[PDB]
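Next up, upload.cif (mmCIF, N, CA and C atoms and all ligand atoms):
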```cif
data_model
loop_
_atom_site.label_atom_id
_atom_site.label_comp_id
_atom_site.auth_asym_id
_atom_site.auth_seq_id
_atom_site.Cartn_x
_atom_site.Cartn_y
_atom_site.Cartn_z
N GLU K 1 21.92 -29.95 -55.57
CA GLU K 1 21.07 -29.25 -56.57
C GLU K 1 21.36 -27.75 -56.64
N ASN K 2 21.46 -27.23 -57.86
CA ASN K 2 21.73 -25.81 -58.08
C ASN K 2 20.52 -25.19 -58.75
N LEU K 3 19.35 -25.44 -58.16
CA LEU K 3 18.09 -24.93 -58.68
C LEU K 3 18.09 -23.40 -58.78
N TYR K 4 18.74 -22.74 -57.83
CA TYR K 4 18.80 -21.28 -57.86
C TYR K 4 19.49 -20.80 -59.15
N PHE K 5 20.61 -21.44 -59.49
CA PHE K 5 21.33 -21.08 -60.71
C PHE K 5 20.48 -21.40 -61.93
N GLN K 6 19.90 -22.60 -61.95
CA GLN K 6 19.07 -23.04 -63.07
C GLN K 6 17.96 -22.06 -63.39
N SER K 7 17.23 -21.66 -62.36
CA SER K 7 16.10 -20.76 -62.52
C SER K 7 16.43 -19.28 -62.67
N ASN K 8 17.63 -18.86 -62.28
CA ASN K 8 17.99 -17.44 -62.38
C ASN K 8 18.96 -17.08 -63.51
N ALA K 9 19.88 -17.97 -63.84
CA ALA K 9 20.84 -17.68 -64.90
C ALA K 9 20.13 -17.54 -66.26
N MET K 10 20.74 -16.82 -67.18
CA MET K 10 20.12 -16.62 -68.49
C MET K 10 20.48 -17.70 -69.50
N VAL K 11 21.19 -18.74 -69.05
CA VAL K 11 21.60 -19.80 -69.97
C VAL K 11 20.40 -20.41 -70.70
N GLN K 12 20.57 -20.60 -72.00
CA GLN K 12 19.52 -21.15 -72.83
C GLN K 12 19.70 -22.64 -73.10
N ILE K 13 18.59 -23.37 -72.99
CA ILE K 13 18.60 -24.80 -73.25
C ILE K 13 17.80 -25.04 -74.53
N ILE K 14 18.41 -25.70 -75.50
CA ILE K 14 17.71 -26.03 -76.75
C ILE K 14 17.80 -27.54 -76.87
N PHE K 15 16.67 -28.19 -77.13
CA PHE K 15 16.64 -29.64 -77.22
C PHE K 15 15.95 -30.20 -78.45
N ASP K 16 16.22 -31.48 -78.70
CA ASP K 16 15.62 -32.23 -79.80
C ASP K 16 15.03 -33.48 -79.16
N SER K 17 13.84 -33.87 -79.60
CA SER K 17 13.18 -35.04 -79.05
C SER K 17 12.21 -35.60 -80.08
N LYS K 18 12.10 -36.92 -80.13
CA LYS K 18 11.18 -37.53 -81.07
C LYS K 18 10.08 -38.24 -80.29
N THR K 19 10.47 -39.06 -79.32
CA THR K 19 9.47 -39.77 -78.53
C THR K 19 9.24 -39.13 -77.14
N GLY K 20 9.74 -37.91 -76.96
CA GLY K 20 9.52 -37.20 -75.71
C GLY K 20 10.40 -37.40 -74.48
N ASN K 21 11.36 -38.31 -74.52
CA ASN K 21 12.22 -38.54 -73.36
C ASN K 21 13.09 -37.33 -73.03
N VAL K 22 13.68 -36.71 -74.05
CA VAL K 22 14.53 -35.54 -73.83
C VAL K 22 13.66 -34.41 -73.28
N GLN K 23 12.46 -34.29 -73.82
CA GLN K 23 11.51 -33.28 -73.37
C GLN K 23 11.23 -33.47 -71.88
N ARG K 24 10.94 -34.71 -71.48
CA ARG K 24 10.68 -35.01 -70.09
C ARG K 24 11.90 -34.70 -69.22
N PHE K 25 13.09 -35.00 -69.74
CA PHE K 25 14.33 -34.75 -69.01
C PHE K 25 14.54 -33.27 -68.69
N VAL K 26 14.46 -32.41 -69.71
CA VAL K 26 14.67 -30.99 -69.50
C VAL K 26 13.58 -30.40 -68.60
N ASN K 27 12.40 -31.01 -68.59
CA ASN K 27 11.33 -30.53 -67.74
C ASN K 27 11.56 -30.89 -66.29
N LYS K 28 12.67 -31.57 -66.01
CA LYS K 28 13.01 -31.93 -64.64
C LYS K 28 13.95 -30.87 -64.08
N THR K 29 14.35 -29.93 -64.93
CA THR K 29 15.24 -28.85 -64.50
C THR K 29 14.44 -27.57 -64.26
N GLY K 30 15.11 -26.57 -63.70
CA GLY K 30 14.47 -25.30 -63.44
C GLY K 30 14.85 -24.24 -64.45
N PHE K 31 15.52 -24.63 -65.53
CA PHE K 31 15.91 -23.67 -66.55
C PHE K 31 14.65 -23.03 -67.10
N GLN K 32 14.71 -21.72 -67.34
CA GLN K 32 13.56 -20.97 -67.82
C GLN K 32 13.50 -20.76 -69.33
N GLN K 33 14.65 -20.73 -69.99
CA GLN K 33 14.64 -20.57 -71.44
C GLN K 33 14.88 -21.95 -72.06
N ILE K 34 13.79 -22.67 -72.31
CA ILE K 34 13.87 -24.00 -72.90
C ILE K 34 13.02 -24.09 -74.16
N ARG K 35 13.67 -24.30 -75.29
CA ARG K 35 12.97 -24.41 -76.56
C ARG K 35 13.50 -25.57 -77.38
N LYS K 36 12.66 -26.06 -78.29
CA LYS K 36 13.03 -27.17 -79.15
C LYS K 36 13.77 -26.62 -80.37
N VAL K 37 14.66 -27.42 -80.94
CA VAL K 37 15.45 -26.99 -82.09
C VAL K 37 14.61 -26.49 -83.27
N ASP K 38 13.35 -26.89 -83.31
CA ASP K 38 12.47 -26.52 -84.41
C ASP K 38 11.59 -25.30 -84.18
N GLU K 39 11.67 -24.67 -83.02
CA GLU K 39 10.81 -23.53 -82.79
C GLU K 39 11.47 -22.16 -82.78
N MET K 40 12.55 -22.02 -83.53
CA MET K 40 13.21 -20.72 -83.64
C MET K 40 13.92 -20.63 -84.99
N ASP K 41 13.97 -19.42 -85.52
CA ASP K 41 14.59 -19.16 -86.81
C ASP K 41 15.95 -18.49 -86.66
N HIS K 42 16.42 -18.38 -85.42
CA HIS K 42 17.71 -17.75 -85.15
C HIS K 42 18.13 -17.95 -83.70
N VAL K 43 19.43 -17.95 -83.48
CA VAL K 43 19.99 -18.11 -82.14
C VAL K 43 21.07 -17.04 -82.02
N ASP K 44 20.93 -16.16 -81.04
CA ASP K 44 21.90 -15.09 -80.86
C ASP K 44 22.59 -15.11 -79.50
N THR K 45 22.17 -16.03 -78.64
CA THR K 45 22.74 -16.16 -77.31
C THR K 45 23.31 -17.58 -77.14
N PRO K 46 24.39 -17.73 -76.33
CA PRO K 46 24.99 -19.05 -76.11
C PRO K 46 23.94 -20.04 -75.58
N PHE K 47 24.12 -21.32 -75.87
CA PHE K 47 23.15 -22.30 -75.42
C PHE K 47 23.73 -23.69 -75.18
N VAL K 48 22.93 -24.51 -74.51
CA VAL K 48 23.27 -25.88 -74.20
C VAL K 48 22.33 -26.76 -75.03
N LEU K 49 22.87 -27.79 -75.67
CA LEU K 49 22.04 -28.68 -76.47
C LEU K 49 21.81 -30.03 -75.80
N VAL K 50 20.57 -30.50 -75.84
CA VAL K 50 20.25 -31.81 -75.30
C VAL K 50 19.54 -32.51 -76.47
N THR K 51 20.08 -33.63 -76.92
CA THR K 51 19.48 -34.35 -78.03
C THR K 51 19.38 -35.85 -77.70
N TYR K 52 18.90 -36.64 -78.66
CA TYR K 52 18.76 -38.08 -78.47
C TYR K 52 19.66 -38.82 -79.46
N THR K 53 19.48 -40.12 -79.60
CA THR K 53 20.33 -40.90 -80.50
C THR K 53 19.49 -41.72 -81.46
N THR K 54 19.89 -41.76 -82.73
CA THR K 54 19.14 -42.54 -83.70
C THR K 54 20.00 -43.70 -84.22
N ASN K 55 19.50 -44.43 -85.22
CA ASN K 55 20.18 -45.61 -85.76
C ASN K 55 21.71 -45.62 -85.74
N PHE K 56 22.26 -46.72 -85.22
CA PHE K 56 23.70 -46.94 -85.17
C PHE K 56 24.50 -45.83 -84.48
N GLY K 57 23.98 -45.31 -83.37
CA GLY K 57 24.67 -44.26 -82.63
C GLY K 57 24.82 -42.94 -83.36
N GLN K 58 23.89 -42.66 -84.27
CA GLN K 58 23.91 -41.43 -85.07
C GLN K 58 23.19 -40.23 -84.47
N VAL K 59 23.60 -39.04 -84.90
CA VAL K 59 22.99 -37.80 -84.46
C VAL K 59 21.71 -37.62 -85.28
N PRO K 60 20.58 -37.35 -84.61
CA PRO K 60 19.32 -37.17 -85.35
C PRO K 60 19.51 -36.13 -86.46
N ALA K 61 18.85 -36.34 -87.59
CA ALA K 61 18.96 -35.42 -88.72
C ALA K 61 18.57 -33.98 -88.35
N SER K 62 17.49 -33.84 -87.60
CA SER K 62 17.03 -32.51 -87.19
C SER K 62 18.08 -31.79 -86.32
N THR K 63 18.86 -32.56 -85.57
CA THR K 63 19.89 -31.96 -84.73
C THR K 63 21.07 -31.55 -85.61
N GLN K 64 21.38 -32.36 -86.62
CA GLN K 64 22.48 -32.03 -87.52
C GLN K 64 22.16 -30.74 -88.29
N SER K 65 20.91 -30.61 -88.75
CA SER K 65 20.50 -29.40 -89.48
C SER K 65 20.68 -28.18 -88.59
N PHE K 66 20.19 -28.30 -87.36
CA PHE K 66 20.28 -27.23 -86.38
C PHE K 66 21.73 -26.80 -86.14
N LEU K 67 22.59 -27.76 -85.86
CA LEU K 67 23.99 -27.47 -85.58
C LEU K 67 24.77 -26.82 -86.72
N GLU K 68 24.54 -27.24 -87.96
CA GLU K 68 25.29 -26.64 -89.06
C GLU K 68 24.91 -25.18 -89.25
N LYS K 69 23.90 -24.73 -88.51
CA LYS K 69 23.45 -23.35 -88.59
C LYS K 69 23.77 -22.52 -87.34
N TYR K 70 23.76 -23.16 -86.17
CA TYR K 70 23.99 -22.44 -84.92
C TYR K 70 25.06 -22.99 -83.99
N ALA K 71 25.91 -23.88 -84.49
CA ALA K 71 26.94 -24.45 -83.64
C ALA K 71 27.93 -23.44 -83.07
N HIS K 72 27.99 -22.24 -83.66
CA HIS K 72 28.93 -21.23 -83.17
C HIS K 72 28.61 -20.77 -81.76
N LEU K 73 27.35 -20.91 -81.36
CA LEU K 73 26.91 -20.50 -80.03
C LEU K 73 26.75 -21.66 -79.04
N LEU K 74 27.09 -22.87 -79.49
CA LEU K 74 26.98 -24.07 -78.66
C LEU K 74 28.02 -24.13 -77.54
N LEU K 75 27.55 -24.28 -76.30
CA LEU K 75 28.42 -24.35 -75.12
C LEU K 75 28.84 -25.77 -74.76
N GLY K 76 27.94 -26.72 -74.98
CA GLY K 76 28.22 -28.11 -74.66
C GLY K 76 27.02 -28.96 -75.06
N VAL K 77 27.18 -30.27 -75.04
CA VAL K 77 26.08 -31.14 -75.44
C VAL K 77 25.81 -32.30 -74.48
N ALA K 78 24.54 -32.65 -74.35
CA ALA K 78 24.11 -33.78 -73.52
C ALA K 78 23.23 -34.63 -74.44
N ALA K 79 23.27 -35.95 -74.28
CA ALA K 79 22.45 -36.81 -75.14
C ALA K 79 21.77 -37.94 -74.39
N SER K 80 20.53 -38.21 -74.79
CA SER K 80 19.74 -39.29 -74.22
C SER K 80 19.89 -40.50 -75.15
N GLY K 81 20.00 -41.68 -74.56
CA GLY K 81 20.14 -42.90 -75.33
C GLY K 81 19.53 -44.06 -74.58
N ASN K 82 20.03 -45.26 -74.85
CA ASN K 82 19.54 -46.47 -74.20
C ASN K 82 20.69 -47.47 -74.24
N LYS K 83 21.15 -47.90 -73.07
CA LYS K 83 22.28 -48.82 -73.00
C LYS K 83 22.07 -50.17 -73.69
N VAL K 84 20.83 -50.44 -74.08
CA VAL K 84 20.52 -51.66 -74.81
C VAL K 84 21.37 -51.61 -76.09
N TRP K 85 21.74 -50.40 -76.50
CA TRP K 85 22.54 -50.20 -77.70
C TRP K 85 24.05 -50.36 -77.52
N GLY K 86 24.48 -50.76 -76.33
CA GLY K 86 25.89 -50.99 -76.08
C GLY K 86 26.84 -49.85 -76.43
N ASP K 87 27.83 -50.14 -77.27
CA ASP K 87 28.83 -49.16 -77.69
C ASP K 87 28.25 -47.95 -78.41
N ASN K 88 27.00 -48.07 -78.86
CA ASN K 88 26.37 -46.95 -79.54
C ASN K 88 25.55 -46.12 -78.57
N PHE K 89 25.63 -46.43 -77.28
CA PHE K 89 24.87 -45.69 -76.28
C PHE K 89 25.12 -44.18 -76.31
N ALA K 90 24.06 -43.41 -76.55
CA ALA K 90 24.12 -41.95 -76.60
C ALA K 90 25.33 -41.41 -77.35
N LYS K 91 25.74 -42.12 -78.40
CA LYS K 91 26.92 -41.73 -79.18
C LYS K 91 26.80 -40.36 -79.87
N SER K 92 25.59 -39.83 -79.98
CA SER K 92 25.42 -38.53 -80.61
C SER K 92 26.18 -37.43 -79.86
N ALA K 93 26.31 -37.58 -78.54
CA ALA K 93 27.03 -36.61 -77.71
C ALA K 93 28.52 -36.62 -78.06
N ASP K 94 29.08 -37.81 -78.24
CA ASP K 94 30.48 -37.96 -78.60
C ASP K 94 30.75 -37.37 -79.98
N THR K 95 29.86 -37.66 -80.92
CA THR K 95 29.99 -37.16 -82.28
C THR K 95 29.94 -35.64 -82.33
N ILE K 96 28.95 -35.07 -81.65
CA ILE K 96 28.80 -33.62 -81.62
C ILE K 96 30.01 -32.97 -80.95
N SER K 97 30.43 -33.53 -79.82
CA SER K 97 31.57 -33.03 -79.06
C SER K 97 32.83 -32.90 -79.94
N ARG K 98 33.22 -34.00 -80.59
CA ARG K 98 34.40 -34.01 -81.45
C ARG K 98 34.21 -33.08 -82.64
N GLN K 99 33.06 -33.20 -83.28
CA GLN K 99 32.73 -32.40 -84.45
C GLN K 99 32.82 -30.90 -84.21
N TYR K 100 32.16 -30.42 -83.16
CA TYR K 100 32.12 -28.99 -82.88
C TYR K 100 33.04 -28.50 -81.76
N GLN K 101 33.89 -29.38 -81.26
CA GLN K 101 34.82 -29.01 -80.20
C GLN K 101 34.15 -28.40 -78.97
N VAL K 102 33.15 -29.09 -78.42
CA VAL K 102 32.47 -28.62 -77.22
C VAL K 102 32.46 -29.79 -76.24
N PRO K 103 32.36 -29.51 -74.94
CA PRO K 103 32.35 -30.59 -73.96
C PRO K 103 31.05 -31.36 -73.91
N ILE K 104 31.14 -32.61 -73.48
CA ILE K 104 29.96 -33.45 -73.32
C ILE K 104 29.50 -33.17 -71.89
N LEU K 105 28.30 -32.64 -71.73
CA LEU K 105 27.79 -32.32 -70.40
C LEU K 105 27.31 -33.56 -69.66
N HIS K 106 26.68 -34.48 -70.38
CA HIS K 106 26.18 -35.71 -69.78
C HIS K 106 25.56 -36.64 -70.83
N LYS K 107 25.56 -37.93 -70.53
CA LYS K 107 24.96 -38.94 -71.40
C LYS K 107 24.07 -39.74 -70.44
N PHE K 108 22.80 -39.89 -70.78
CA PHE K 108 21.89 -40.60 -69.89
C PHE K 108 20.89 -41.46 -70.65
N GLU K 109 20.21 -42.33 -69.93
CA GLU K 109 19.22 -43.21 -70.52
C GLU K 109 17.80 -42.67 -70.47
N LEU K 110 17.12 -42.75 -71.61
CA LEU K 110 15.74 -42.31 -71.72
C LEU K 110 15.46 -40.94 -71.10
N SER K 111 14.50 -40.88 -70.19
CA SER K 111 14.14 -39.61 -69.54
C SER K 111 15.08 -39.22 -68.40
N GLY K 112 16.04 -40.09 -68.09
CA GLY K 112 17.00 -39.81 -67.03
C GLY K 112 16.51 -40.03 -65.61
N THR K 113 17.45 -40.18 -64.68
CA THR K 113 17.13 -40.35 -63.27
C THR K 113 17.39 -39.01 -62.59
N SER K 114 17.09 -38.92 -61.30
CA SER K 114 17.33 -37.68 -60.57
C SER K 114 18.84 -37.43 -60.52
N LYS K 115 19.62 -38.51 -60.54
CA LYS K 115 21.07 -38.43 -60.53
C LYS K 115 21.56 -37.81 -61.85
N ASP K 116 20.93 -38.19 -62.96
CA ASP K 116 21.30 -37.64 -64.26
C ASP K 116 21.01 -36.14 -64.30
N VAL K 117 19.88 -35.75 -63.71
CA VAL K 117 19.48 -34.35 -63.68
C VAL K 117 20.52 -33.56 -62.89
N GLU K 118 20.93 -34.10 -61.75
CA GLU K 118 21.93 -33.45 -60.91
C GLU K 118 23.25 -33.25 -61.64
N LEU K 119 23.76 -34.31 -62.25
CA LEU K 119 25.02 -34.23 -62.97
C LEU K 119 24.94 -33.26 -64.13
N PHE K 120 23.85 -33.33 -64.90
CA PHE K 120 23.67 -32.45 -66.04
C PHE K 120 23.65 -30.97 -65.62
N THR K 121 22.78 -30.62 -64.67
CA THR K 121 22.67 -29.24 -64.23
C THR K 121 23.95 -28.70 -63.61
N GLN K 122 24.70 -29.54 -62.90
CA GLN K 122 25.96 -29.08 -62.30
C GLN K 122 26.99 -28.79 -63.40
N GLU K 123 27.00 -29.62 -64.44
CA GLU K 123 27.92 -29.43 -65.55
C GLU K 123 27.58 -28.20 -66.37
N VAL K 124 26.30 -27.87 -66.46
CA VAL K 124 25.90 -26.68 -67.21
C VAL K 124 26.45 -25.44 -66.49
N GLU K 125 26.37 -25.43 -65.16
CA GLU K 125 26.87 -24.31 -64.39
C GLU K 125 28.39 -24.19 -64.54
N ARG K 126 29.10 -25.32 -64.57
CA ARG K 126 30.55 -25.30 -64.72
C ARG K 126 30.97 -24.74 -66.07
N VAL K 127 30.35 -25.23 -67.13
CA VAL K 127 30.67 -24.78 -68.47
C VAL K 127 30.28 -23.32 -68.71
N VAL K 128 29.15 -22.89 -68.14
CA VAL K 128 28.73 -21.49 -68.30
C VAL K 128 29.73 -20.60 -67.57
N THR K 129 30.14 -21.01 -66.38
CA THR K 129 31.10 -20.23 -65.61
C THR K 129 32.41 -20.09 -66.38
N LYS K 130 32.86 -21.20 -66.97
CA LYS K 130 34.11 -21.24 -67.71
C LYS K 130 34.10 -20.66 -69.12
N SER K 131 33.00 -20.86 -69.84
CA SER K 131 32.93 -20.41 -71.23
C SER K 131 31.95 -19.31 -71.56
N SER K 132 31.19 -18.84 -70.57
CA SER K 132 30.21 -17.79 -70.83
C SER K 132 30.89 -16.52 -71.34
N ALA K 133 31.70 -15.89 -70.48
CA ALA K 133 32.40 -14.67 -70.85
C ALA K 133 33.09 -14.81 -72.21
N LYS K 134 33.77 -15.94 -72.41
CA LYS K 134 34.47 -16.22 -73.66
C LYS K 134 33.52 -16.34 -74.86
N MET K 135 32.56 -17.26 -74.76
CA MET K 135 31.55 -17.54 -75.80
C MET K 135 30.93 -16.27 -76.40
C1 LIG A 201 15.12 -45.94 -84.73
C2 LIG A 201 15.73 -45.74 -83.34
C3 LIG A 201 17.19 -45.83 -83.24
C4 LIG A 201 17.83 -45.65 -81.93
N1 LIG A 201 19.22 -45.72 -81.78
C5 LIG A 201 20.02 -45.58 -80.66
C6 LIG A 201 21.42 -45.68 -80.62
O1 LIG A 201 22.15 -45.91 -81.58
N2 LIG A 201 21.99 -45.51 -79.32
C7 LIG A 201 21.31 -45.25 -78.11
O2 LIG A 201 21.90 -45.12 -77.05
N3 LIG A 201 19.95 -45.16 -78.21
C8 LIG A 201 19.31 -45.32 -79.42
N4 LIG A 201 17.87 -45.23 -79.56
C9 LIG A 201 17.16 -44.94 -78.24
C10 LIG A 201 16.88 -43.43 -78.05
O3 LIG A 201 18.04 -42.63 -78.21
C11 LIG A 201 16.25 -43.20 -76.67
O4 LIG A 201 15.06 -43.99 -76.51
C12 LIG A 201 15.99 -41.69 -76.45
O5 LIG A 201 15.72 -41.48 -75.06
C13 LIG A 201 14.78 -41.22 -77.09
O6 LIG A 201 14.58 -39.86 -76.90
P1 LIG A 201 13.27 -39.32 -77.50
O7 LIG A 201 12.08 -39.17 -76.68
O8 LIG A 201 13.81 -38.08 -76.94
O9 LIG A 201 13.41 -38.66 -78.81
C14 LIG A 201 17.08 -45.38 -80.74
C15 LIG A 201 15.63 -45.30 -80.85
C16 LIG A 201 14.93 -45.47 -82.12
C17 LIG A 201 13.37 -45.34 -82.07
#
```

Show how you would write the structure in this file as structure tokens.
Amino acid sequence: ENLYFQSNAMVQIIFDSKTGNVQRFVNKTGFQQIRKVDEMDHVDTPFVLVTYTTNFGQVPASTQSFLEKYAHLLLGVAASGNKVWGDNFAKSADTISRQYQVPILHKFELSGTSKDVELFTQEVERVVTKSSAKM
């Protein structure tokens, strides 16, 4: 666990959630700047996106709207899904990754496990270290 980095770094986490699983997931981290895609009218600092998956492995509409406006500051993406969907499992992360040329930080089920939290937070630190100065 890199809780010290999570709680001290200035990295921003922006998420999208409909039934609250993504919300619950990010609340398992120690990141301090956590806001939903719908509660800001501008983004001026680099950020990490955590979203969910809708019909047929699609990116939620609210996330697509957000990205076409602030994808220039996107560092990487993580997506919540459900393996019941097979090949469409958390496909929004793959779509966003290819579309905006950013790395996939993690793909997990529903609210995630402690293992998902660990992998996600470690990847955020790696990408911030590698792309912060650049971004
Ligand atoms: C209409 C609908 C379509 C969904 N489609 C997919 C899908 O294609 N792939 C997947 O992995 N999960 C799919 N899911 C599952 C959600 O991505 C999953 O439950 C997610 O954790 C929900 O996050 P929410 O609380 O953040 O918004 C779907 C759920 C609903 C209600």

Can you tell me, as lines of an AutoDock Vina configuration file, the centre and edge lengths (Å, one decimal) of the axis-aligned box enclosing all of ligand LIG 201 (chain A)'s listed atoms after padding each side by 3 Å?
```
center_x = 17.1
center_y = -42.0
center_z = -79.9
size_x = 16.1
size_y = 13.9
size_z = 15.7
```

Closest atom pairs, chain K residues within 8 Å of ligand LIG 201 (chain A), only C-alpha atoms and all ligand atoms, as a tab-separated table:
```
residue	atom	partner	partner_atom	distance
K:16	CA	A:LIG201	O8	6.8
K:17	CA	A:LIG201	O9	3.6
K:18	CA	A:LIG201	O9	3.4
K:19	CA	A:LIG201	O7	3.3
K:20	CA	A:LIG201	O7	3.4
K:21	CA	A:LIG201	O7	3.4
K:22	CA	A:LIG201	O8	4.1
K:23	CA	A:LIG201	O8	6.4
K:24	CA	A:LIG201	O7	7.9
K:51	CA	A:LIG201	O8	6.9
K:52	CA	A:LIG201	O3	4.6
K:53	CA	A:LIG201	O3	3.7
K:54	CA	A:LIG201	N1	3.7
K:55	CA	A:LIG201	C3	3.9
K:56	CA	A:LIG201	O1	4.0
K:57	CA	A:LIG201	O1	3.2
K:58	CA	A:LIG201	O1	5.9
K:79	CA	A:LIG201	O3	7.9
K:80	CA	A:LIG201	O5	4.7
K:81	CA	A:LIG201	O2	3.3
K:82	CA	A:LIG201	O2	3.9
K:83	CA	A:LIG201	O2	5.5
K:84	CA	A:LIG201	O2	7.0
K:85	CA	A:LIG201	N2	5.0
K:86	CA	A:LIG201	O2	7.2
K:87	CA	A:LIG201	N2	7.9
K:88	CA	A:LIG201	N2	4.6
K:89	CA	A:LIG201	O2	3.1
K:90	CA	A:LIG201	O2	3.9
K:91	CA	A:LIG201	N2	6.2
K:92	CA	A:LIG201	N2	7.9
K:109	CA	A:LIG201	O5	6.0
K:110	CA	A:LIG201	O5	3.4
K:111	CA	A:LIG201	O5	6.0
```

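Closest approach to residue K:124 among K:76, K:62, K:108, K:43: K:76, based on only N, CA and C atoms.
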
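Using all atoms listed in the file for every distance, the candidate list K:78, K:71, K:131, K:122 yields K:78 as the residue closest to residue K:105.
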
* Would you please extract all alpha helix (DSSP H) residues from chain K, as assigned by DSSP on the backbone, and give them as a PyMOL selection string? => chain K and resi 3-8+21-26+61-70+91-100+114-131

* What is the atom CA of residue K:112 to atom CA of residue K:68 distance in Å? -> 27.0 Å

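Take atom C of residue K:35 and atom N of residue K:1: the distance between them is 23.8 Å.
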
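The closest residue to residue K:14, picked from K:118, K:123, K:44, K:38 and counting only N, CA and C atoms, is K:38.
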
* Could you name the residues that touch residue K:45 at 8 Å or less, counting only N, CA and C atoms, but leaving out those on the same chain fewer than 5 positions away, as a list in words? -> residues 11, 12, 72, 73, 74, 75 and 135 of chain K

* **Atomic distance atom N of residue K:107 - atom C of residue K:94, expressed in Å with one decimal** =>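 Taking atom N of residue K:107 and atom C of residue K:94, their separation equals 10.8 Å.
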
* Asked: With all atoms listed in the file as the basis for distance, which of K:113, K:103, K:33, K:27 is at the shortest distance from residue K:6?
  ->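 The shortest atom-to-atom distance to residue K:6 comes from K:33.
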
* To do: Run DSSP on the backbone and grab whatever in chain K lands in strand (DSSP E or B); send it over as a count of residues only.
  => 29
